[PDB]
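One chain comes next, on its own, written out as structure tokens in the form deposited in one PDB entry.
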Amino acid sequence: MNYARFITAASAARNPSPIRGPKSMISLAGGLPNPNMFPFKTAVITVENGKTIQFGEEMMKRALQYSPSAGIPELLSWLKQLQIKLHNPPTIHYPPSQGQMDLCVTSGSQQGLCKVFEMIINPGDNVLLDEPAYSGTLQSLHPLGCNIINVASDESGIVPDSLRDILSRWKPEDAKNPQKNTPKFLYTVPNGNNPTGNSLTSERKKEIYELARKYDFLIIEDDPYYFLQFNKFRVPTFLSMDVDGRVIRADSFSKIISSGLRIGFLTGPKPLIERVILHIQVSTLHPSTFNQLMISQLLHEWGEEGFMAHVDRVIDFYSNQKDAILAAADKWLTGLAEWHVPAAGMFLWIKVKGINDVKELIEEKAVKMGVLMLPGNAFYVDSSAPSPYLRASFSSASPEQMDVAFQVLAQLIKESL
């Protein structure tokens, strides 16, 4: 596994820019401000289902102060250990320069993901993903001058055959040859895709993996909705089948723990992670120290039992919420729209039947009646193409809210037929 092909000229040229022997030791060498100057002295944070979190005066100075680039070591060790327990990556005991598994706490998981595109993509590069695809990722990949090659997805995500067919534009030996512009990577959201809410299967993941071996590209696994799986048996990740070190997982605490706190993490091979760490060192520097410590203490006080149980209560909430969105649709959309039932996440994806563009429907008529939901146009490389799709958030609304929401939508559709 050669990593140089996946590291921009710029990315390779980064050197480490850190904040960075007898016994007592009198350092004037370092850069830290004096943390006594800072105004906040203590904190108490109450937790549902938990012991309150205390920052004593000493701990608060630590929270107000520069901390390491890759994250605090107690959160780093605990997430690594989570990743060993959840996924047991084939690579954890490999050599560093082969793909030893490494992890970086990042300022939300999209920070890591961006820095990963920037690391990989030369203009003119080819990338695989399936559409509909995440708004945020299209606005991300677009300025990078890559050519986005769409793989068909259905209710089970990426269709493997589509991937085969697409990749038969190249011989496998073309991977050893940059001129041939073989794909760099496949970007997938494998659990409750935003916007579609469909998830990848196990058999499918294994097959995708083999194609990724054969055509020696990286798999980018964006898995923000992995702890929002409604099925009890969690589907194995690409991470857990990564005997090569061709997988970069992104994990988020945003749907589960806190979206505000901007704390997520990036799991992958050392040399790749290292490029992101080094990019972080000249931009954000680290994730907020305060907030890492809220999460780290929270998580260590729960242990893995409290964490998983918490995630079981989130899932429980999000499913009933999903039962209610579907009831409501089964109630009003029947025979007027088509949808599959979300495998994870917080989004229902609704194909309205016999209307071409739902933008008018939504942005003109539906808003006038006081109901709103997201036109599907944004979720395609070509956002100007007509979409007959709505994305509907089942995250906040009460059963009655959805009832009126779908009573009104169905009316506007009937009125627009």
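For clarity, a rigid core is taken as the largest C-alpha set superposing within 1.5 Å between two forms. Shifts are known only where both forms have a C-alpha. Residue positions are given as counts along the sequence shown, with the first one as 1.
Separately, the form deposited in another entry exists; it is not shown, and the next lines address it.
Core-based superposition between the shown form and the other one leaves all of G56, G30, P33, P386 but one with CA shifts under 2 Å; the exception is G30. Distance between the C-alpha atoms of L28 and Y66: shorter by at least 3 Å in the other form than in the displayed form.
The pair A12 and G30 is at least 3 angstroms farther apart at the CA level in the other form than in the present model. After superposing on the rigid core, the stretches of 3 or more consecutive residues whose C-alphas move by 2 Å or more between the shown form and the other one are 17-19, 21-31, 49-51.
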